[PDB]
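Undergrad: Contents of run39.cif (mmCIF, C-alpha atoms) are below:
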data_query
loop_
_atom_site.group_PDB
_atom_site.id
_atom_site.type_symbol
_atom_site.label_atom_id
_atom_site.label_comp_id
_atom_site.auth_asym_id
_atom_site.auth_seq_id
_atom_site.Cartn_x
_atom_site.Cartn_y
_atom_site.Cartn_z
ATOM 1 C CA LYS X 94 57.529 68.850 -43.806
ATOM 2 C CA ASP X 95 55.629 65.660 -42.717
ATOM 3 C CA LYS X 96 52.499 67.385 -41.599
ATOM 4 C CA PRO X 97 50.105 65.668 -39.149
ATOM 5 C CA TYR X 98 47.235 66.250 -41.580
ATOM 6 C CA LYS X 99 46.953 64.881 -45.072
ATOM 7 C CA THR X 100 47.203 67.298 -47.949
ATOM 8 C CA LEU X 101 46.071 66.916 -51.526
ATOM 9 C CA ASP X 102 49.444 65.452 -52.540
ATOM 10 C CA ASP X 103 48.875 62.555 -50.114
ATOM 11 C CA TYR X 104 45.786 61.539 -52.111
ATOM 12 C CA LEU X 105 46.648 62.615 -55.683
ATOM 13 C CA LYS X 106 50.279 63.482 -56.517
ATOM 14 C CA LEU X 107 50.366 67.066 -57.598
ATOM 15 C CA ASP X 108 53.372 66.639 -59.862
ATOM 16 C CA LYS X 109 51.459 63.873 -61.578
ATOM 17 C CA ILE X 110 48.180 65.770 -62.066
ATOM 18 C CA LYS X 111 49.542 69.159 -63.142
ATOM 19 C CA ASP X 112 48.769 68.931 -66.883
ATOM 20 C CA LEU X 113 45.384 67.239 -66.399
ATOM 21 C CA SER X 114 42.244 69.197 -67.268
ATOM 22 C CA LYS X 115 39.773 70.325 -64.604
ATOM 23 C CA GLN X 116 37.430 67.472 -65.612
ATOM 24 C CA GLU X 117 40.206 64.879 -65.530
ATOM 25 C CA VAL X 118 41.188 65.984 -62.018
ATOM 26 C CA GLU X 119 37.519 65.798 -60.966
ATOM 27 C CA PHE X 120 37.256 62.241 -62.396
ATOM 28 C CA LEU X 121 40.323 61.127 -60.503
ATOM 29 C CA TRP X 122 39.170 62.676 -57.256
ATOM 30 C CA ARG X 123 35.766 61.057 -57.481
ATOM 31 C CA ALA X 124 37.375 57.688 -58.405
ATOM 32 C CA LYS X 125 39.702 57.989 -55.388
ATOM 33 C CA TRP X 126 36.798 58.069 -52.955
ATOM 34 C CA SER X 127 34.476 55.818 -54.888
ATOM 35 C CA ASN X 128 34.888 52.631 -52.924
ATOM 36 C CA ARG X 129 33.266 54.132 -49.842
ATOM 37 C CA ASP X 130 29.880 54.531 -48.222
ATOM 38 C CA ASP X 131 31.009 56.956 -45.549
ATOM 39 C CA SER X 132 32.304 59.698 -47.888
ATOM 40 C CA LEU X 133 31.284 63.183 -48.938
ATOM 41 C CA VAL X 134 33.019 64.304 -52.133
ATOM 42 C CA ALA X 135 32.772 67.564 -54.085
ATOM 43 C CA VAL X 136 34.594 69.871 -56.412
ATOM 44 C CA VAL X 137 33.863 73.592 -55.688
ATOM 45 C CA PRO X 138 34.949 76.583 -57.814
ATOM 46 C CA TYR X 139 37.210 78.801 -55.813
ATOM 47 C CA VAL X 140 36.407 82.358 -56.859
ATOM 48 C CA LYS X 141 32.709 81.765 -57.392
ATOM 49 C CA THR X 142 31.994 79.804 -54.230
ATOM 50 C CA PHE X 143 34.697 78.759 -51.840
ATOM 51 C CA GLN X 144 36.521 82.073 -51.504
ATOM 52 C CA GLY X 145 33.600 83.849 -49.863
ATOM 53 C CA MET X 146 32.966 80.905 -47.525
ATOM 54 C CA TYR X 147 36.678 80.891 -46.614
ATOM 55 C CA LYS X 148 36.586 84.587 -45.725
ATOM 56 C CA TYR X 149 33.602 84.140 -43.408
ATOM 57 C CA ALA X 150 35.115 80.945 -41.890
ATOM 58 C CA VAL X 151 38.340 82.699 -40.829
ATOM 59 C CA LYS X 152 36.444 85.520 -39.088
ATOM 60 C CA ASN X 153 33.652 83.258 -37.719
ATOM 61 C CA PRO X 154 35.243 79.849 -37.139
ATOM 62 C CA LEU X 155 32.681 78.401 -34.690
ATOM 63 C CA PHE X 156 28.955 77.882 -35.096
ATOM 64 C CA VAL X 157 26.056 75.686 -33.929
ATOM 65 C CA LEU X 158 23.568 74.001 -36.227
ATOM 66 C CA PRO X 159 20.572 71.858 -35.511
ATOM 67 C CA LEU X 160 20.241 68.365 -36.824
ATOM 68 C CA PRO X 161 16.493 67.656 -37.139
ATOM 69 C CA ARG X 162 15.593 64.241 -35.838
ATOM 70 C CA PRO X 177 13.275 67.583 -32.031
ATOM 71 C CA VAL X 178 16.629 68.879 -32.930
ATOM 72 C CA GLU X 179 20.085 67.898 -31.827
ATOM 73 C CA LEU X 180 22.613 70.719 -31.731
ATOM 74 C CA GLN X 181 25.957 70.297 -33.438
ATOM 75 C CA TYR X 182 29.093 72.364 -33.173
ATOM 76 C CA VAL X 183 30.653 73.396 -36.457
ATOM 77 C CA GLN X 184 34.343 74.328 -36.228
ATOM 78 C CA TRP X 185 36.573 75.545 -39.049
ATOM 79 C CA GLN X 186 40.235 74.692 -38.596
ATOM 80 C CA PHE X 187 42.968 76.169 -40.802
ATOM 81 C CA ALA X 188 45.476 73.342 -41.015
ATOM 82 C CA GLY X 189 47.716 74.964 -43.551
ATOM 83 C CA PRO X 190 47.737 77.448 -46.427
ATOM 84 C CA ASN X 191 46.207 74.921 -48.809
ATOM 85 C CA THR X 192 44.123 72.825 -46.412
ATOM 86 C CA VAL X 193 40.991 73.860 -44.494
ATOM 87 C CA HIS X 194 38.960 71.548 -42.278
ATOM 88 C CA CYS X 195 35.338 71.706 -41.128
ATOM 89 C CA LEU X 196 34.593 69.505 -38.067
ATOM 90 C CA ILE X 197 31.049 68.723 -36.888
ATOM 91 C CA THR X 198 30.525 67.373 -33.365
ATOM 92 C CA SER X 199 27.429 66.631 -31.360
ATOM 93 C CA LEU X 200 27.175 69.289 -28.679
ATOM 94 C CA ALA X 201 25.459 67.385 -25.869
ATOM 95 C CA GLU X 202 27.921 64.509 -25.630
ATOM 96 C CA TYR X 203 31.301 65.811 -26.674
ATOM 97 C CA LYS X 204 32.714 66.089 -23.116
ATOM 98 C CA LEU X 205 31.268 62.788 -21.930
ATOM 99 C CA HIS X 206 33.767 60.299 -23.330
ATOM 100 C CA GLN X 207 36.552 60.229 -25.966
ATOM 101 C CA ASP X 208 34.228 58.336 -28.300
ATOM 102 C CA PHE X 209 31.777 61.255 -28.369
ATOM 103 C CA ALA X 210 34.504 63.901 -28.222
ATOM 104 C CA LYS X 211 35.541 62.955 -31.787
ATOM 105 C CA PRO X 212 33.687 64.845 -34.539
ATOM 106 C CA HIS X 213 31.222 62.566 -36.295
ATOM 107 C CA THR X 214 31.951 64.404 -39.591
ATOM 108 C CA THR X 215 35.322 65.807 -40.744
ATOM 109 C CA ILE X 216 35.583 67.623 -44.076
ATOM 110 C CA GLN X 217 38.778 68.656 -45.841
ATOM 111 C CA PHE X 218 38.932 71.391 -48.481
ATOM 112 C CA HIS X 219 42.099 71.308 -50.544
ATOM 113 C CA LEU X 220 43.096 74.610 -52.162
ATOM 114 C CA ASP X 221 46.263 73.420 -53.948
ATOM 115 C CA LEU X 222 44.637 73.821 -57.399
ATOM 116 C CA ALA X 223 42.767 77.004 -56.572
ATOM 117 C CA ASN X 224 45.253 79.372 -58.231
ATOM 118 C CA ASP X 225 45.880 77.348 -61.385
ATOM 119 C CA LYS X 226 42.532 75.706 -61.993
ATOM 120 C CA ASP X 227 40.099 77.711 -59.829
ATOM 121 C CA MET X 228 39.086 74.437 -58.146
ATOM 122 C CA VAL X 229 38.717 73.264 -54.545
ATOM 123 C CA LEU X 230 38.625 69.498 -53.912
ATOM 124 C CA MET X 231 36.542 68.351 -50.916
ATOM 125 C CA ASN X 232 36.615 65.029 -49.122
ATOM 126 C CA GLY X 233 34.682 64.300 -45.940
ATOM 127 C CA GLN X 234 34.021 61.234 -43.877
ATOM 128 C CA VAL X 235 31.139 60.433 -41.499
ATOM 129 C CA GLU X 236 31.997 58.101 -38.616
ATOM 130 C CA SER X 237 30.196 54.798 -38.913
ATOM 131 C CA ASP X 238 29.812 54.496 -35.100
ATOM 132 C CA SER X 239 27.772 57.712 -34.967
ATOM 133 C CA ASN X 240 24.009 58.059 -35.483
ATOM 134 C CA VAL X 241 24.581 60.673 -38.134
ATOM 135 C CA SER X 242 23.776 59.331 -41.598
ATOM 136 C CA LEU X 243 25.510 60.416 -44.792
ATOM 137 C CA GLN X 244 22.296 62.215 -45.661
ATOM 138 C CA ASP X 245 22.273 64.017 -42.317
ATOM 139 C CA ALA X 246 25.858 65.095 -42.920
ATOM 140 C CA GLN X 247 25.013 66.357 -46.422
ATOM 141 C CA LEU X 248 22.180 68.481 -45.075
ATOM 142 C CA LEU X 249 24.421 69.911 -42.324
ATOM 143 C CA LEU X 250 27.064 70.777 -44.929
ATOM 144 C CA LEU X 251 24.427 72.522 -47.040
ATOM 145 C CA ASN X 252 23.459 74.588 -44.013
ATOM 146 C CA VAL X 253 27.104 75.383 -43.289
ATOM 147 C CA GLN X 254 27.264 76.820 -46.784
ATOM 148 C CA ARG X 255 24.073 78.865 -46.258
ATOM 149 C CA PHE X 256 25.311 80.481 -43.041
ATOM 150 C CA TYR X 257 28.910 80.959 -44.235
ATOM 151 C CA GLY X 258 28.324 83.539 -46.906
ATOM 152 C CA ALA X 259 25.091 82.018 -48.154
ATOM 153 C CA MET X 260 26.855 81.334 -51.392
ATOM 154 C CA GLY X 261 26.895 85.082 -52.269
ATOM 155 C CA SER X 262 23.171 85.550 -51.805
ATOM 156 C CA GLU X 263 22.073 89.109 -51.023
ATOM 157 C CA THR X 264 18.524 88.293 -50.038
ATOM 158 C CA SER X 265 17.133 89.481 -46.685
ATOM 159 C CA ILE X 266 17.153 86.010 -45.234
ATOM 160 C CA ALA X 267 20.699 85.300 -46.415
ATOM 161 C CA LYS X 268 21.737 88.505 -44.613
ATOM 162 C CA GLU X 269 19.870 87.311 -41.525
ATOM 163 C CA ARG X 270 21.827 84.070 -41.605
ATOM 164 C CA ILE X 271 25.172 85.830 -41.959
ATOM 165 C CA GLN X 272 24.266 88.269 -39.170
ATOM 166 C CA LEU X 273 23.418 85.374 -36.870
ATOM 167 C CA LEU X 274 26.770 83.722 -37.635
ATOM 168 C CA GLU X 275 28.573 86.965 -36.835
ATOM 169 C CA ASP X 276 26.573 87.559 -33.671
ATOM 170 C CA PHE X 277 27.408 84.077 -32.410
ATOM 171 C CA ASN X 278 31.139 84.538 -33.055
ATOM 172 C CA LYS X 279 31.320 87.974 -31.460
ATOM 173 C CA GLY X 280 29.301 86.852 -28.405
ATOM 174 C CA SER X 281 26.494 89.315 -29.135
ATOM 175 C CA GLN X 282 23.353 89.285 -27.026
ATOM 176 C CA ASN X 283 21.438 89.283 -30.294
ATOM 177 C CA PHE X 284 22.360 85.673 -30.907
ATOM 178 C CA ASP X 285 19.246 83.546 -30.307
ATOM 179 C CA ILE X 286 18.905 79.741 -30.525
ATOM 180 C CA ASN X 287 15.334 79.986 -31.568
ATOM 181 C CA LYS X 288 16.200 82.195 -34.516
ATOM 182 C CA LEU X 289 19.047 79.844 -35.412
ATOM 183 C CA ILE X 290 16.648 76.938 -35.556
ATOM 184 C CA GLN X 291 14.117 78.906 -37.590
ATOM 185 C CA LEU X 292 16.712 80.075 -40.081
ATOM 186 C CA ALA X 293 18.341 76.642 -40.403
ATOM 187 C CA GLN X 294 14.960 75.011 -41.148
ATOM 188 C CA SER X 295 13.708 77.750 -43.522
ATOM 189 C CA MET X 296 13.764 76.744 -47.193
ATOM 190 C CA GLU X 297 14.442 80.241 -48.451
ATOM 191 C CA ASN X 298 17.887 81.149 -49.646
#
How does the structure come out when it is put into structure tokens?

TA:
Amino acid sequence: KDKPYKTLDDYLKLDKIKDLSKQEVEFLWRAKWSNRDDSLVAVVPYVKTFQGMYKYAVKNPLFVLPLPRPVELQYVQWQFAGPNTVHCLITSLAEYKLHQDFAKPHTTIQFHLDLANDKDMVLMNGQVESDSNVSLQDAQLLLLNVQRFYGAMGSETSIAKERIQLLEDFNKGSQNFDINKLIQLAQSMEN
């Protein structure tokens, strides 16, 4: 149905990879993105990890995270492109209404769920814009913090609960949302 976003089949033909093993699919996916220095690539188990993040992302699709430099705030937006394709877009908050060049997310991540039911695998590809002053390392650390706030990869510790509560408070417009606590919890090493 010539979708405006690329799905997994546009990168790896599904009808070609169906009898491959999980490891063989992972090799091909990493090879696909290997000739780049702007790319984030991962393979995530669905039930164990992505499913819980997905559930929090649908209910809480917008967030803010600091990028330590002072800190520069970033918007995080989850976009549900289709039943098998979920995007995470990260945009610098201060400049995004200044010009079309800054309005573009500096980091776009796709999660492909096409193999989730048969192989319990999610394939991730992201790109960081070379014109931005966000490095690949900065983008990696932001993605790690997205994971910590979005379900805190099933942690049940007090601080993990504090992170999830802050995410929910932001998305419901609660007075209890506080930027200072956001910054403390994003910088804290405890999981």

Undergrad: What lies within 12 Å of residue 186 of chain X using all atoms listed in the file, ignoring chain neighbours under 6 positions off, as number ranges by chain?

TA: X: 98, 147, 150-155, 192-197, 215-218

Undergrad: Using all atoms of segment 200-214 of chain X listed in the file and a margin of 5 Å per side, can you give the axis-aligned box centre and edge lengths in Å to one decimal, as JSON?

TA:
{"center_x": 31.0, "center_y": 63.8, "center_z": -30.8, "size_x": 21.1, "size_y": 21.0, "size_z": 27.7}

Undergrad: So what do you get for atom CA of residue 204 of chain X versus atom CA of residue 157 of chain X, distance-wise?

TA: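 Atom-to-atom, atom CA of residue 204 of chain X and atom CA of residue 157 of chain X are spaced 15.9 Å apart.
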
Undergrad: Run the PyMOL selection byres ((chain X and resi 227) around 7) against the file shown and list the residues it catches, as an MDAnalysis selection string.

TA: chainID X and resid 138:140 222:226 228

Undergrad: Just give me the gap between atom CA of residue 116 of chain X and atom CA of residue 149 of chain X in Å, one decimal is fine.

TA: 28.0 Å

Undergrad: Could you list the residues chosen by the PyMOL selection byres ((chain X and resi 253-266) around 7) in this structure as a ChimeraX atom specification?

TA: /X:142,145-146,149-150,249-252,267-271,274,298

Undergrad: Write out as a PyMOL selection string each polymer residue whose atoms come within 7 Å of residue 182 of chain X, counting all atoms listed in the file; drop sequence neighbours fewer than 4 positions from it.

TA: chain X and resi 156-158+197-200

Undergrad: Measuring between all atoms listed in the file, which one of X:119, X:238, X:285, X:221 shows the shortest distance to residue 191 of chain X?

TA: X:221

Undergrad: Using atom CA of residue 131 of chain X and atom CA of residue 243 of chain X as the two end points, give the distance in Å to one decimal.

TA: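 Interatomic distance, atom CA of residue 131 of chain X to atom CA of residue 243 of chain X: 6.5 Å.
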
Undergrad: Given the PyMOL selection byres ((chain X and resi 294) around 10) and the file above, list the residues it selects as a PyMOL selection string.

TA: chain X and resi 158-161+252+288-293+295-297

Undergrad: Of the candidates X:230, X:108, X:207, X:276, which one gets nearest to residue 121 of chain X if we count only C-alpha atoms?

TA: X:230

Undergrad: Using only C-alpha atoms, which of the listed residues (X:114, X:185, X:237, X:208) sits closest to residue 148 of chain X?

TA: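 The closest residue to residue 148 of chain X is X:185.
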
Undergrad: Restricting the calculation to all atoms listed in the file, which member of X:101, X:201, X:118, X:273 is positioned closest to residue 232 of chain X?

TA: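 Using all atoms listed in the file, the shortest distance to residue 232 of chain X belongs to X:101.
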
Undergrad: For residue 189 of chain X, which residue among X:112, X:240, X:94, X:279 is the nearest when counting only C-alpha atoms?

TA: X:94

Undergrad: Rank nothing, just name the residue among X:97, X:110, X:144, X:105 nearest to residue 229 of chain X, using only C-alpha atoms.

TA: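 That would be X:144, the residue with the smallest distance to residue 229 of chain X.
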
Undergrad: Using only C-alpha atoms, determine which residues lie at most 10 Å from residue 99 of chain X, disregarding the query and same-chain residues fewer than 4 positions distant; provide the list as a PyMOL selection string.

TA: chain X and resi 95+103-104+188+192+217+219
